[PDB]
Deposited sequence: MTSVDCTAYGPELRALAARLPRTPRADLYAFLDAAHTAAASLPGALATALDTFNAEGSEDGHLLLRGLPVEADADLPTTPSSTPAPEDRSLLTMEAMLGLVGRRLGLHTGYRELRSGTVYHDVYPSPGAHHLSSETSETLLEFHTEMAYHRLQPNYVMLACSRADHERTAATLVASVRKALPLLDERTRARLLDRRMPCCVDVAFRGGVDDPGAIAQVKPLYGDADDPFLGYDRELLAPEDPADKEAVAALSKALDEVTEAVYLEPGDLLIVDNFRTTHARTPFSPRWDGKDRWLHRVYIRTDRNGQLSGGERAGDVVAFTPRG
């Protein structure tokens, strides 16, 4: 689902201006400022975000296009390392992630991942591990983010400061609401609420059980990872292969361009990124990623604040 935010440019640049300019130096204060400012998002934008937050969508994602972003010459050189300097000045797309993210829920860091940071730069790196968001020339296959984590976030948000030079990297999304009707009853029934073994991302290494479909049988949530989900039982493997095929069959593509902020419903979709060739010239593709927790399905137990970092516990 898309929303052209071009008309909101001046108002959004004003809200971004309310925020502290060095976010990481006091991230709790920065996200608190963003929450207060989010109450002033232009009405139509706020309504769209709240509706998506409460109901999701059939296609599983809300793409905000045309948000303010610096001219390319005014952005820093694309980062070459992580984590980012705590003193880094606020970038406009990061301000958008603060405002939009707080309208939805609570930004969350994961202790073992990216040094426990909350804002992650997503750029290509040479010799990237194949499961890494730093990949470029190899397809980053479909995954629900951290499907195996008890504190898996409801949303993954990706804001774009630079697209890759040739604009070939496509962010793919497949929605359970479009895939489900393609599955027969036997398959849906085998998958629903059935725990299956699942490996974890490199950062969390050193076993999990994931239900590929779960919750209300007429509108289930989805936990799928093409690389990590590892059913052993043949009936389970067969049901997961049918799910895998249906997700491919309903794949949708978003080509992120500067000023875009894509909100992925991480309990109802799986996402991926197609190949692209980095130039290592200082202008490589550069997204900003944050994870947002909401009141749904046990993400929060009380007292959480946007900016908190949580430890790893596998679903079981």
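In this entry, the deposited residues absent from the coordinate set span 1, 208 to 214.
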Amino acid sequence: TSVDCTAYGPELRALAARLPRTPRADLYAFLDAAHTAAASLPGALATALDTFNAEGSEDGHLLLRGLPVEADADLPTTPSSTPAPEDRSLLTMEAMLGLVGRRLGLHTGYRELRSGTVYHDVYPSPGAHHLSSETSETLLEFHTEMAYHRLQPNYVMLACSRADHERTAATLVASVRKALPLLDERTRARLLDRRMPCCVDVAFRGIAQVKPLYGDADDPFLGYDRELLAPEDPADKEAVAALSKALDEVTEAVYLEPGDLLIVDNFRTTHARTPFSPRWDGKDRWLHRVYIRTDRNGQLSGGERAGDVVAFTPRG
From here on, numbers count along this sequence of modelled residues.
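Checked against the other entries of this protein, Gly206 counts as unresolved in at least one third of those spanning it. Averaged over Cα atoms, the B-factor as recorded in the entry is higher for 222 to 230 than for the other of 222 to 230 and 102 to 110. Higher mean CA temperature factor, per the PDB entry, when comparing 176 to 184 with 88 to 96: 176 to 184.
The residue among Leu75, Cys160, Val122, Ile207 whose C-alpha carries the highest B-factor in the deposited model is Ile207. Per the PDB entry, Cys199 shows the highest C-alpha temperature factor of the residues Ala246, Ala170, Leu139, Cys199. Annotation for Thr117: C-alpha temperature factor in the middle third relative to the rest of the modelled chain, per the entry. When the modelled residues of the chain are ordered by their C-alpha B factor, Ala17 lands in the highest third.
In this PDB entry, the Cα temperature factor of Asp281 sits in the top third of its chain's modelled residues, the highest group. In the PDB entry, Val254 places in the middle third of its chain by CA B-factor. Sorting the modelled residues of the chain by their CA temperature factor places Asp164 in the middle third.
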